[PDB]
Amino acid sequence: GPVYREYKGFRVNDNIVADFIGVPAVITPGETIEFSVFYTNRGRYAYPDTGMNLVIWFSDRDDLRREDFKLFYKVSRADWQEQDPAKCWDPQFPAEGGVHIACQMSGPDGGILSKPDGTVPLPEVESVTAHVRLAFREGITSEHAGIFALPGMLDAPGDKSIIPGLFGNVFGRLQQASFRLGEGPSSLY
């Protein structure tokens, strides 16, 4: 099996990486944006089952909850679905401030890598995409926030997920997108 690192209490394989496309640096409260995010096997160990997790983090307030935004996603060429609030981690409060909401966005990918039994194996060099639609409710703002892509994997076939609500017992390399939720910049000239 592959080499894992310890981070908090979890096992991380940096060879499974994630990339964002189309995240804006400023998001307007109330408006819907669409971006894509995808994880790729940059190693040589083929995982038997995989799925994406998305983390939304506010650094400057701790009152954000799952119900403060609407979240839809589509795994590659499968159909759109609404992200399930039951498949989220409970709010986490880092000692450095803020709160983050981790949401599972897994499932079949339209039969590209996914198999009849529902698994999404991930051979080397291959990738899985989530097209993601996101909107925060009006009336909430943050001056330093982030979306994080947290790829999840099952190391061995038959393994169970280890964080309640999220996919995987091991995880890939965390990828970040920093943004502000608020008003865009006024003209400097």
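One rule holds for the numbers: they count along the sequence shown, beginning at 1.
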property: Residue stretch of maximal mean CA temperature factor, 71-79 vs 110-118; result: 110-118
property: 139-147 versus 152-160 - which carries the larger mean C-alpha B factor in the record; result: 152-160
property: Given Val132, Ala46, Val128, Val26, the residue at which the Cα B factor reaches its maximum; result: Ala46
property: Lowest, middle or highest third - CA B-factor, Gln175; result: lowest
property: Third of the chain's Cα B-factor distribution that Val12 belongs to, per the entry; result: highest
property: B-factor third for the C-alpha atom of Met105 within its chain; result: lowest
property: Third assignment of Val37 from its chain's C-alpha B-factors; result: lowest
property: Third of chain Cα B-factors occupied by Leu54; result: lowest
